[PDB]
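Remarks on the structure that follows.
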Amino acid sequence: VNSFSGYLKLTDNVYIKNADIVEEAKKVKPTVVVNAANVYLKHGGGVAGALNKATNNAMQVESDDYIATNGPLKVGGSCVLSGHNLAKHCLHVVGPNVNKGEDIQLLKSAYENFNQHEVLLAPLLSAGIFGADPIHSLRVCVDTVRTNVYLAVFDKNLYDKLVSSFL
Ligand SMILES: Cc1[nH]c2ccccc2c(=O)c1O
């Protein structure tokens with residue numbers, strides 16, 4: 001049993017809810033919240049900007065030190081950093097950004113990072129300002145992630161379309 005409430009069950013391991021991930025993280029304090037990161041961990045907008053704002057910029061400060069030491073992530077890659085006030089850990093995952101012309105086949109690689117964690121609160125990778133089709137992102141998630149994932153969907157309209165169209 002876990003703390004997650006109000007989710008629709010899509011599969012054995014994937015759950016979905018129309019919820020503000022910042023507000024969901026603040027309520028649940030999950031072991032892992034996933035950030036929709038870029039390779040520079042520049043948390044300017046979307047999931048990244050909202051999560052970072054909720055940490056009072058502490059996520060960005062920590063991220064800048066990580067990049068100064070390690071250099072950029074790979075598209076499809078990830079790193080584990082602090083969850084600050086939102087979670088124990090933040091898994092920063094880089095999905096491909098279609099608005100930069102990145103290979104959508106890298107979305108499966110991105111979701112494979114989730115399998116290193118037994119339970120996660122996450123957004124749909126490569127959705128929103130990353131430009132991918134969220135219906136596609138949900139299909140890749142279901143077909144790739146084997147651990148227990150609780151997906152928070154920012155738009156109510158999109159949430160209802162993801163549920164209604166789910167095979
Ligand atoms: C408070 C808040 N929460 C979000 C959660 C997921 C994606 C984008 C956002 C956003 O833009 C915003 O302002």
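Positions are given from 1, in the same order as the sequence printed here. Counting starts at 1 for both ligands and their atoms, following the listed order.
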At less than 4.0 angstrom from any non-hydrogen atom of [X], what atoms of ligand 1 do you find?
X: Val47; value: 6 (C), 7 (C), 8 (C)
X: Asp20; value: 1 (C), 3 (N), 4 (C), 5 (C)
X: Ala50; value: 2 (C), 3 (N), 4 (C), 9 (C), 10 (C), 12 (C)
X: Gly46; value: 8 (C)
X: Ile21; value: 5 (C), 6 (C)

Subject >> Listed once per pair and sorted, the salt bridge (charged side-chain N to carboxylate O under 4.0 Å, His left out) pairs that draw on residues 142-159, sequence neighbours left out >> reply: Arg139-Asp143, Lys156-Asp160
Original post:
Would you call the rings of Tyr15 and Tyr150 parallel, tilted or perpendicular if under 30° counts as parallel and over 60° as perpendicular?
Top reply: parallel
Original post:
Quick one: does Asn113's side chain have a donor or acceptor within less than 3.5 Å of a partner on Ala110's backbone?
Top reply: yes
Original post:
Crowded around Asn99 CG? As in, over 12 foreign heavy atoms under 6.0 Å?
Top reply: yes
Original post:
If you draw a 6.0 Å radius around CG in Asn56, do more than 12 non-hydrogen atoms from other residues or ligands fall strictly inside?
Top reply: no
Subject >> Residue-ligand contact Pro123/ligand 1, heavy atom below 4.0 Å >> reply: no
